[PDB]
């Protein structure tokens, strides 16, 4: 189907521009922020299910799963959290981050470390440290599966999903890695980053590794 195009709140476009271009050394912090967001979304579906247990039935398994796709230079981070409807994708990713992004950029101006980004509630955008494009594929129990896409420019698209694997419920962040950040496709590197900055996660963190049978 046809994609619909939307404009980001301008301060989010400013933040994306700063992040995709920064020469900040510690780019690996992106993974912590995305694992944190995944964990939060899983918190949300668990909490919602306390009073509406059927909500878990679309995907009873609660997990965070990381899949490198070397041939496409893609890294996927999936969770079986609450997901986002079309309206939530438009709102959560293109609008509500306006306030945090403004305050965070002022902090960056003054010398704050880019790693503080999560404390300003806008850690999602740290993916542009390693990626130049992202598709957020999401399925909420309350809507169809949709794809939100951004290349850090001022507009994003949202498209009903007729091309990706069905998610039972949850979200996949599909990161198209920059040419000099392909280390994040490697098994050893990924495990090293996770072990370092994400030790207290309540959900299993699965790593999908592809190997040749010899």
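Numbering follows the first chain given and starts at 1. Here, rigid core means the biggest group of C-alpha atoms that superpose within 1.5 Å across both forms.
In terms of root mean square C-alpha deviation after superposing on the rigid core in 8 other deposited structures of this protein, the stretch standing farther out between 30 to 38 and 65 to 73 is 30 to 38. Remark: when the other structures in 8 other deposited structures of this protein are fitted onto this one via the rigid core, 106 to 114 deviates more than the alternative among 136 to 144 and 106 to 114, judged by RMS CA distance. In this crystal structure, the stretch out of 26 to 34 and 143 to 151 whose C-alpha atoms carry the higher mean B factor is 26 to 34. As the entry records it, the average C-alpha temperature factor is higher for 188 to 196, out of 7 to 15 and 188 to 196.
As recorded in the entry, 109 carries the highest CA temperature factor of 126, 109, 135, 119. Ranked by C-alpha B-factor against the other modelled residues of its chain, residue 99 falls in the highest third. Among the modelled residues of the chain, residue 54 sits in the highest third by CA temperature factor in this PDB entry. For residue 115, the recorded CA B-factor ranks within the middle third of the chain. Only modelled residues enter the ranking. Placement of the Cα temperature factor of residue 162 within the chain: middle third of the modelled residues, per the deposited record. Ranked against the other modelled residues of its chain, the C-alpha B-factor of residue 182 as given in the entry falls in the highest third.
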